[PDB]
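Content type mmCIF, N, CA, C and O atoms, from the file entry.cif:
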```
data_work
#
loop_
_atom_site.label_atom_id
_atom_site.label_comp_id
_atom_site.auth_asym_id
_atom_site.auth_seq_id
_atom_site.Cartn_x
_atom_site.Cartn_y
_atom_site.Cartn_z
N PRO E 1 -9.30 18.81 -4.67
CA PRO E 1 -10.72 18.72 -4.28
C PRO E 1 -11.06 17.46 -3.49
O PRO E 1 -12.04 17.47 -2.73
N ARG E 2 -10.29 16.39 -3.66
CA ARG E 2 -10.55 15.12 -2.97
C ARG E 2 -9.70 14.95 -1.72
O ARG E 2 -9.41 13.82 -1.31
N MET E 3 -9.29 16.05 -1.10
CA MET E 3 -8.44 15.98 0.08
C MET E 3 -9.17 15.54 1.35
O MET E 3 -8.56 14.85 2.18
N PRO E 4 -10.43 15.95 1.59
CA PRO E 4 -11.16 15.34 2.73
C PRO E 4 -11.25 13.83 2.63
O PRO E 4 -11.15 13.14 3.66
N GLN E 5 -11.41 13.30 1.42
CA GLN E 5 -11.44 11.86 1.24
C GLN E 5 -10.08 11.25 1.53
O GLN E 5 -9.99 10.15 2.08
N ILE E 6 -8.99 11.95 1.18
CA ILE E 6 -7.65 11.47 1.51
C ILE E 6 -7.46 11.42 3.03
O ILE E 6 -6.90 10.46 3.57
N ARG E 7 -7.91 12.46 3.73
CA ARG E 7 -7.81 12.48 5.18
C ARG E 7 -8.61 11.35 5.80
O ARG E 7 -8.15 10.68 6.74
N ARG E 8 -9.82 11.12 5.29
CA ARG E 8 -10.64 10.00 5.76
C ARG E 8 -9.94 8.67 5.53
O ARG E 8 -9.93 7.81 6.41
N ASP E 9 -9.33 8.50 4.35
CA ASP E 9 -8.63 7.26 4.04
C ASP E 9 -7.45 7.04 4.99
O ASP E 9 -7.25 5.92 5.47
N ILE E 10 -6.68 8.08 5.26
CA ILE E 10 -5.51 7.93 6.13
C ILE E 10 -5.94 7.60 7.56
O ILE E 10 -5.37 6.70 8.20
N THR E 11 -6.94 8.32 8.08
CA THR E 11 -7.41 8.05 9.44
C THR E 11 -7.99 6.64 9.55
O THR E 11 -7.72 5.92 10.51
N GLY E 12 -8.79 6.24 8.55
CA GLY E 12 -9.33 4.89 8.56
C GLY E 12 -8.24 3.84 8.46
O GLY E 12 -8.35 2.77 9.06
N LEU E 13 -7.20 4.11 7.68
CA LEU E 13 -6.09 3.17 7.56
C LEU E 13 -5.39 2.99 8.90
O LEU E 13 -5.07 1.86 9.29
N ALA E 14 -5.17 4.09 9.63
CA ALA E 14 -4.56 3.99 10.95
C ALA E 14 -5.44 3.18 11.90
O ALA E 14 -4.95 2.29 12.61
N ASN E 15 -6.74 3.47 11.91
CA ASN E 15 -7.65 2.75 12.81
C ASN E 15 -7.72 1.27 12.46
O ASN E 15 -7.72 0.41 13.35
N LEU E 16 -7.78 0.95 11.16
CA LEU E 16 -7.86 -0.44 10.73
C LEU E 16 -6.57 -1.18 11.05
O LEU E 16 -6.60 -2.36 11.42
N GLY E 17 -5.42 -0.51 10.91
CA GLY E 17 -4.18 -1.12 11.33
C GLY E 17 -4.16 -1.44 12.81
O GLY E 17 -3.71 -2.51 13.22
N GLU E 18 -4.66 -0.51 13.63
CA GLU E 18 -4.74 -0.77 15.07
C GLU E 18 -5.64 -1.96 15.37
O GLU E 18 -5.29 -2.83 16.18
N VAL E 19 -6.80 -2.03 14.72
CA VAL E 19 -7.74 -3.12 14.97
C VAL E 19 -7.14 -4.46 14.54
O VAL E 19 -7.24 -5.46 15.26
N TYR E 20 -6.51 -4.49 13.36
CA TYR E 20 -5.89 -5.72 12.89
C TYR E 20 -4.73 -6.15 13.78
O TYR E 20 -4.56 -7.34 14.04
N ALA E 21 -3.92 -5.20 14.24
CA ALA E 21 -2.82 -5.54 15.14
C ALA E 21 -3.33 -6.03 16.48
O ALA E 21 -2.66 -6.84 17.14
N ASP E 22 -4.50 -5.56 16.92
CA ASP E 22 -5.08 -6.09 18.15
C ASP E 22 -5.66 -7.48 17.95
O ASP E 22 -5.61 -8.31 18.87
N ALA E 23 -6.22 -7.77 16.77
CA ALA E 23 -6.90 -9.03 16.53
C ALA E 23 -6.02 -10.09 15.87
O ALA E 23 -6.49 -11.21 15.64
N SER E 24 -4.77 -9.77 15.55
CA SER E 24 -3.93 -10.68 14.78
C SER E 24 -3.37 -11.89 15.53
O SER E 24 -3.34 -12.98 14.94
N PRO E 25 -2.88 -11.78 16.78
CA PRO E 25 -2.33 -12.98 17.43
C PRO E 25 -3.32 -14.12 17.55
O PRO E 25 -2.97 -15.28 17.31
N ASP E 26 -4.57 -13.81 17.91
CA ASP E 26 -5.60 -14.84 17.97
C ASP E 26 -5.85 -15.44 16.60
O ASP E 26 -6.01 -16.66 16.46
N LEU E 27 -5.90 -14.59 15.57
CA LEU E 27 -6.12 -15.08 14.21
C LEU E 27 -5.02 -16.04 13.79
O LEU E 27 -5.30 -17.09 13.20
N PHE E 28 -3.76 -15.72 14.10
CA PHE E 28 -2.67 -16.56 13.64
C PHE E 28 -2.54 -17.85 14.46
O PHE E 28 -2.18 -18.89 13.90
N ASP E 29 -2.83 -17.81 15.76
CA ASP E 29 -2.90 -19.06 16.52
C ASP E 29 -4.01 -19.95 16.00
O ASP E 29 -3.83 -21.18 15.84
N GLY E 30 -5.18 -19.36 15.72
CA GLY E 30 -6.26 -20.12 15.11
C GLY E 30 -5.88 -20.66 13.75
O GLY E 30 -6.29 -21.76 13.39
N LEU E 31 -5.09 -19.91 12.99
CA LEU E 31 -4.65 -20.38 11.68
C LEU E 31 -3.66 -21.53 11.81
O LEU E 31 -3.67 -22.45 10.99
N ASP E 32 -2.81 -21.51 12.84
CA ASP E 32 -1.91 -22.65 13.08
C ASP E 32 -2.70 -23.92 13.38
O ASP E 32 -2.49 -24.97 12.77
N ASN E 33 -3.63 -23.83 14.34
CA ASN E 33 -4.39 -25.02 14.68
C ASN E 33 -5.34 -25.43 13.55
O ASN E 33 -5.61 -26.63 13.36
N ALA E 34 -5.81 -24.46 12.77
CA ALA E 34 -6.61 -24.76 11.59
C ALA E 34 -5.77 -25.41 10.51
O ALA E 34 -6.29 -26.22 9.74
N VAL E 35 -4.49 -25.07 10.43
CA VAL E 35 -3.58 -25.77 9.53
C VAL E 35 -3.44 -27.23 9.95
O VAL E 35 -3.45 -28.14 9.11
N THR E 36 -3.32 -27.47 11.26
CA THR E 36 -3.27 -28.85 11.75
C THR E 36 -4.53 -29.63 11.35
O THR E 36 -4.44 -30.71 10.75
N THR E 37 -5.71 -29.08 11.66
CA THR E 37 -6.93 -29.82 11.34
C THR E 37 -7.20 -29.88 9.84
O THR E 37 -7.84 -30.82 9.36
N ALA E 38 -6.70 -28.91 9.07
CA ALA E 38 -6.86 -28.96 7.62
C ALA E 38 -5.95 -30.02 7.01
O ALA E 38 -6.33 -30.68 6.03
N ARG E 39 -4.75 -30.19 7.56
CA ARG E 39 -3.91 -31.31 7.17
C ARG E 39 -4.61 -32.63 7.47
O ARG E 39 -4.59 -33.56 6.64
N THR E 40 -5.24 -32.72 8.64
CA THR E 40 -6.00 -33.93 8.98
C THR E 40 -7.12 -34.18 7.98
O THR E 40 -7.32 -35.31 7.52
N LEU E 41 -7.87 -33.13 7.63
CA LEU E 41 -8.97 -33.27 6.68
C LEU E 41 -8.46 -33.67 5.29
O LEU E 41 -9.10 -34.47 4.60
N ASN E 42 -7.33 -33.10 4.87
CA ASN E 42 -6.77 -33.44 3.56
C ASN E 42 -6.30 -34.89 3.52
O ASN E 42 -6.45 -35.56 2.50
N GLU E 43 -5.71 -35.38 4.61
CA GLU E 43 -5.24 -36.76 4.63
C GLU E 43 -6.37 -37.78 4.54
O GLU E 43 -6.11 -38.93 4.19
N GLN E 44 -7.60 -37.38 4.84
CA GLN E 44 -8.75 -38.29 4.83
C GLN E 44 -9.89 -37.72 3.99
O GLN E 44 -11.05 -37.70 4.41
N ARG E 45 -9.57 -37.24 2.78
CA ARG E 45 -10.61 -36.72 1.90
C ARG E 45 -11.58 -37.81 1.48
O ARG E 45 -12.80 -37.59 1.43
N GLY E 46 -11.06 -39.00 1.16
CA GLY E 46 -11.93 -40.10 0.76
C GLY E 46 -12.89 -40.51 1.86
O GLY E 46 -14.06 -40.79 1.60
N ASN E 47 -12.40 -40.55 3.10
CA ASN E 47 -13.26 -40.88 4.23
C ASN E 47 -14.37 -39.85 4.39
O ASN E 47 -15.53 -40.21 4.64
N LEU E 48 -14.04 -38.57 4.25
CA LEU E 48 -15.05 -37.52 4.37
C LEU E 48 -16.10 -37.63 3.27
O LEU E 48 -17.30 -37.49 3.53
N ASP E 49 -15.67 -37.87 2.03
CA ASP E 49 -16.63 -37.99 0.93
C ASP E 49 -17.53 -39.21 1.10
O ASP E 49 -18.74 -39.14 0.86
N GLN E 50 -16.95 -40.34 1.52
CA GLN E 50 -17.76 -41.53 1.77
C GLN E 50 -18.73 -41.29 2.92
O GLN E 50 -19.88 -41.76 2.87
N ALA E 51 -18.30 -40.57 3.95
CA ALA E 51 -19.19 -40.23 5.05
C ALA E 51 -20.34 -39.37 4.57
O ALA E 51 -21.48 -39.56 5.00
N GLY J 1 32.47 36.22 -5.75
CA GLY J 1 33.28 35.07 -5.38
C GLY J 1 32.56 34.12 -4.45
O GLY J 1 32.62 32.90 -4.62
N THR J 2 31.87 34.67 -3.44
CA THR J 2 31.12 33.84 -2.50
C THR J 2 30.02 33.06 -3.20
O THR J 2 29.84 31.86 -2.95
N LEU J 3 29.27 33.72 -4.08
CA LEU J 3 28.19 33.06 -4.81
C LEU J 3 28.73 31.97 -5.71
O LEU J 3 28.13 30.89 -5.82
N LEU J 4 29.86 32.22 -6.37
CA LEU J 4 30.45 31.19 -7.23
C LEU J 4 30.94 30.00 -6.42
O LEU J 4 30.78 28.85 -6.84
N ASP J 5 31.53 30.25 -5.25
CA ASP J 5 31.95 29.14 -4.38
C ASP J 5 30.75 28.32 -3.93
O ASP J 5 30.79 27.08 -3.93
N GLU J 6 29.66 28.99 -3.53
CA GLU J 6 28.47 28.27 -3.09
C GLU J 6 27.85 27.47 -4.23
O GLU J 6 27.39 26.34 -4.03
N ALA J 7 27.81 28.05 -5.44
CA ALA J 7 27.26 27.33 -6.58
C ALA J 7 28.12 26.13 -6.96
O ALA J 7 27.60 25.09 -7.35
N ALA J 8 29.45 26.27 -6.85
CA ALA J 8 30.33 25.14 -7.11
C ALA J 8 30.14 24.04 -6.07
O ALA J 8 30.16 22.86 -6.40
N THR J 9 29.97 24.42 -4.80
CA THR J 9 29.70 23.43 -3.76
C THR J 9 28.38 22.71 -4.01
O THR J 9 28.29 21.49 -3.87
N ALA J 10 27.34 23.46 -4.40
CA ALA J 10 26.03 22.86 -4.62
C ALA J 10 25.96 22.07 -5.91
O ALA J 10 25.22 21.09 -5.99
N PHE J 11 26.72 22.47 -6.93
CA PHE J 11 26.66 21.80 -8.23
C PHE J 11 28.03 21.30 -8.67
O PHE J 11 28.41 21.50 -9.83
N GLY J 12 28.77 20.67 -7.77
CA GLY J 12 30.10 20.17 -8.09
C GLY J 12 30.13 19.15 -9.20
O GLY J 12 30.65 19.42 -10.29
N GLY J 13 29.56 17.97 -8.96
CA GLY J 13 29.52 16.93 -9.97
C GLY J 13 28.16 16.30 -10.09
O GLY J 13 28.04 15.12 -10.41
N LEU J 14 27.11 17.09 -9.84
CA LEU J 14 25.74 16.61 -9.85
C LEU J 14 25.13 16.54 -11.24
O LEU J 14 23.91 16.44 -11.34
N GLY J 15 25.94 16.60 -12.29
CA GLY J 15 25.43 16.56 -13.65
C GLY J 15 24.55 15.36 -13.93
O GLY J 15 23.35 15.50 -14.20
N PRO J 16 25.13 14.15 -13.89
CA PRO J 16 24.31 12.95 -14.09
C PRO J 16 23.20 12.79 -13.06
O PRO J 16 22.10 12.35 -13.41
N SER J 17 23.45 13.15 -11.80
CA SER J 17 22.43 12.99 -10.77
C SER J 17 21.25 13.92 -11.01
O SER J 17 20.09 13.51 -10.89
N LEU J 18 21.52 15.19 -11.34
CA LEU J 18 20.44 16.12 -11.66
C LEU J 18 19.72 15.72 -12.94
O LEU J 18 18.50 15.91 -13.06
N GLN J 19 20.45 15.20 -13.92
CA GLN J 19 19.82 14.70 -15.14
C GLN J 19 18.84 13.58 -14.83
O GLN J 19 17.71 13.56 -15.32
N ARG J 20 19.27 12.63 -13.98
CA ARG J 20 18.38 11.55 -13.56
C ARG J 20 17.20 12.09 -12.77
O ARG J 20 16.08 11.60 -12.93
N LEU J 21 17.44 13.08 -11.92
CA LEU J 21 16.36 13.69 -11.14
C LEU J 21 15.29 14.29 -12.05
O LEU J 21 14.10 14.03 -11.86
N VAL J 22 15.71 15.07 -13.04
CA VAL J 22 14.75 15.72 -13.93
C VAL J 22 14.02 14.69 -14.79
O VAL J 22 12.80 14.78 -14.98
N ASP J 23 14.75 13.71 -15.32
CA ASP J 23 14.11 12.69 -16.15
C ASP J 23 13.11 11.87 -15.34
O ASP J 23 12.00 11.59 -15.82
N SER J 24 13.48 11.49 -14.11
CA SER J 24 12.56 10.75 -13.26
C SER J 24 11.34 11.59 -12.90
O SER J 24 10.22 11.08 -12.91
N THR J 25 11.54 12.87 -12.60
CA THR J 25 10.42 13.74 -12.27
C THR J 25 9.44 13.84 -13.43
O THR J 25 8.22 13.69 -13.24
N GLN J 26 9.95 14.07 -14.64
CA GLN J 26 9.05 14.21 -15.79
C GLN J 26 8.34 12.89 -16.10
O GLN J 26 7.14 12.89 -16.39
N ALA J 27 9.06 11.76 -16.02
CA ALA J 27 8.43 10.47 -16.30
C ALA J 27 7.34 10.15 -15.29
O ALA J 27 6.24 9.72 -15.66
N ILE J 28 7.62 10.37 -14.00
CA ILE J 28 6.64 10.08 -12.96
C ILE J 28 5.43 10.99 -13.09
O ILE J 28 4.29 10.54 -12.95
N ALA J 29 5.65 12.28 -13.36
CA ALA J 29 4.52 13.20 -13.51
C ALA J 29 3.64 12.82 -14.70
O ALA J 29 2.41 12.81 -14.59
N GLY J 30 4.26 12.50 -15.84
CA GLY J 30 3.48 12.10 -17.00
C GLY J 30 2.70 10.83 -16.77
O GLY J 30 1.52 10.73 -17.13
N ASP J 31 3.34 9.83 -16.15
CA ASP J 31 2.64 8.57 -15.88
C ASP J 31 1.53 8.76 -14.86
O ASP J 31 0.48 8.12 -14.95
N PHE J 32 1.75 9.62 -13.86
CA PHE J 32 0.72 9.90 -12.86
C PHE J 32 -0.48 10.58 -13.49
O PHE J 32 -1.63 10.27 -13.13
N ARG J 33 -0.26 11.52 -14.40
CA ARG J 33 -1.38 12.12 -15.11
C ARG J 33 -2.09 11.10 -15.99
O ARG J 33 -3.32 11.10 -16.09
N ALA J 34 -1.33 10.20 -16.62
CA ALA J 34 -1.93 9.19 -17.49
C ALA J 34 -2.85 8.25 -16.72
O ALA J 34 -3.79 7.70 -17.29
N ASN J 35 -2.60 8.05 -15.42
CA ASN J 35 -3.39 7.16 -14.59
C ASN J 35 -4.11 7.92 -13.48
O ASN J 35 -4.14 7.49 -12.33
N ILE J 36 -4.70 9.06 -13.82
CA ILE J 36 -5.36 9.86 -12.79
C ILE J 36 -6.73 9.29 -12.45
O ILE J 36 -7.20 9.47 -11.32
N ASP J 37 -7.39 8.62 -13.39
CA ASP J 37 -8.66 7.97 -13.08
C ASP J 37 -8.52 6.85 -12.05
O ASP J 37 -9.34 6.81 -11.11
N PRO J 38 -7.56 5.92 -12.16
CA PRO J 38 -7.39 4.95 -11.06
C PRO J 38 -7.05 5.60 -9.73
O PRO J 38 -7.51 5.13 -8.69
N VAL J 39 -6.25 6.67 -9.73
CA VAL J 39 -5.91 7.35 -8.48
C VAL J 39 -7.16 7.95 -7.85
O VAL J 39 -7.38 7.83 -6.64
N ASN J 40 -7.99 8.61 -8.66
CA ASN J 40 -9.23 9.18 -8.14
C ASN J 40 -10.16 8.09 -7.63
O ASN J 40 -10.80 8.26 -6.59
N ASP J 41 -10.24 6.97 -8.35
CA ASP J 41 -11.08 5.86 -7.90
C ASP J 41 -10.60 5.31 -6.56
O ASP J 41 -11.42 5.04 -5.67
N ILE J 42 -9.29 5.14 -6.40
CA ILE J 42 -8.74 4.66 -5.14
C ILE J 42 -9.07 5.63 -4.01
O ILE J 42 -9.57 5.23 -2.95
N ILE J 43 -8.83 6.93 -4.24
CA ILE J 43 -9.06 7.93 -3.20
C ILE J 43 -10.53 7.95 -2.80
O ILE J 43 -10.87 8.02 -1.61
N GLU J 44 -11.43 7.90 -3.78
CA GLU J 44 -12.86 7.95 -3.48
C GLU J 44 -13.33 6.70 -2.75
O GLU J 44 -14.00 6.78 -1.72
N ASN J 45 -12.98 5.52 -3.28
CA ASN J 45 -13.60 4.27 -2.86
C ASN J 45 -12.80 3.51 -1.81
O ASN J 45 -13.23 2.43 -1.39
N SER J 46 -11.66 4.04 -1.36
CA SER J 46 -10.93 3.38 -0.29
C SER J 46 -11.61 3.58 1.06
O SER J 46 -11.66 2.66 1.88
N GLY J 47 -12.15 4.77 1.29
CA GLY J 47 -12.76 5.12 2.55
C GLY J 47 -13.92 4.25 3.00
O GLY J 47 -13.98 3.84 4.16
N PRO J 48 -14.89 3.98 2.11
CA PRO J 48 -16.02 3.14 2.52
C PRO J 48 -15.62 1.76 3.04
O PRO J 48 -16.08 1.37 4.12
N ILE J 49 -14.78 1.03 2.31
CA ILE J 49 -14.42 -0.32 2.72
C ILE J 49 -13.61 -0.29 4.02
O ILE J 49 -13.84 -1.10 4.93
N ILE J 50 -12.65 0.63 4.11
CA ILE J 50 -11.80 0.71 5.29
C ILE J 50 -12.63 1.06 6.52
O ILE J 50 -12.47 0.46 7.59
N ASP J 51 -13.53 2.04 6.39
CA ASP J 51 -14.36 2.41 7.53
C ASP J 51 -15.38 1.32 7.86
O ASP J 51 -15.77 1.18 9.02
N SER J 52 -15.80 0.55 6.86
CA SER J 52 -16.65 -0.61 7.13
C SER J 52 -15.91 -1.63 7.98
O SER J 52 -16.49 -2.22 8.90
#
```
Encoded form (structure tokens):
Amino acid sequence: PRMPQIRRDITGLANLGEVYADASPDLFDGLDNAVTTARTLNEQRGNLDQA
Amino acid sequence: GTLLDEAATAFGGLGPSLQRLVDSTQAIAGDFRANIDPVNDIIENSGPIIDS
């Protein structure tokens, strides 16, 4: 009885995979540079709190 | 003779393998029935979030 919902789930999964695969390289480059700036923020936590 | 040869070819030494097949089938079916509410919940509620 829940087979239309299964079909909806599978089609949505395919579409979401396509969208994520299209949006992933930018996300991961941003995550690399965000790792750099997050390391910078962690190294100066006391300065940030005093600020 | 032909049927016996075919049955011997199909069931030569599959004793342990068929035993494992049947035991795995029954265990998986029983466990799947035991957890049918989570399966139904996943099937129902996966669509909204994914389509969102």
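If you measure from each of J:22, J:7, J:50, J:43 to residue 7 in chain E using all atoms listed in the file, the closest one turns out to be J:43.
Pairwise distance (CA of residue 25 in chain J, atom O of residue 13 in chain E) equals 29.1 Å.
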Near chain J, meaning an atom within 7 Å, which residues of chain E appear when counting only C-alpha atoms? Write them as a PyMOL selection string. chain E and resi 5-6+8-9+12-13+16
Preceding selection exported with N, CA, C and O atoms as a compact mmCIF listing (two decimals), in the frame of the given file:
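Written out: out-v4.txt:
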```
# COMPACT_ATOMS: atom_id res chain seq x y z
N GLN E 5 -11.41 13.30 1.42
CA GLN E 5 -11.44 11.86 1.24
C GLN E 5 -10.08 11.25 1.53
O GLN E 5 -9.99 10.15 2.08
N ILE E 6 -8.99 11.95 1.18
CA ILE E 6 -7.65 11.47 1.51
C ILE E 6 -7.46 11.42 3.03
O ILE E 6 -6.90 10.46 3.57
N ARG E 8 -9.82 11.12 5.29
CA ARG E 8 -10.64 10.00 5.76
C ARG E 8 -9.94 8.67 5.53
O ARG E 8 -9.93 7.81 6.41
N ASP E 9 -9.33 8.50 4.35
CA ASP E 9 -8.63 7.26 4.04
C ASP E 9 -7.45 7.04 4.99
O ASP E 9 -7.25 5.92 5.47
N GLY E 12 -8.79 6.24 8.55
CA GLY E 12 -9.33 4.89 8.56
C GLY E 12 -8.24 3.84 8.46
O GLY E 12 -8.35 2.77 9.06
N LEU E 13 -7.20 4.11 7.68
CA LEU E 13 -6.09 3.17 7.56
C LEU E 13 -5.39 2.99 8.90
O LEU E 13 -5.07 1.86 9.29
N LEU E 16 -7.78 0.95 11.16
CA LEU E 16 -7.86 -0.44 10.73
C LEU E 16 -6.57 -1.18 11.05
O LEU E 16 -6.60 -2.36 11.42
```
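Taking atom O of residue 25 in chain E and atom N of residue 37 in chain E as endpoints, the distance between them is 15.2 Å.
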For a test of reading the model, state the distance in Å between atom N of residue 4 in chain E and atom O of residue 39 in chain J, rounded to one decimal. 12.0 Å
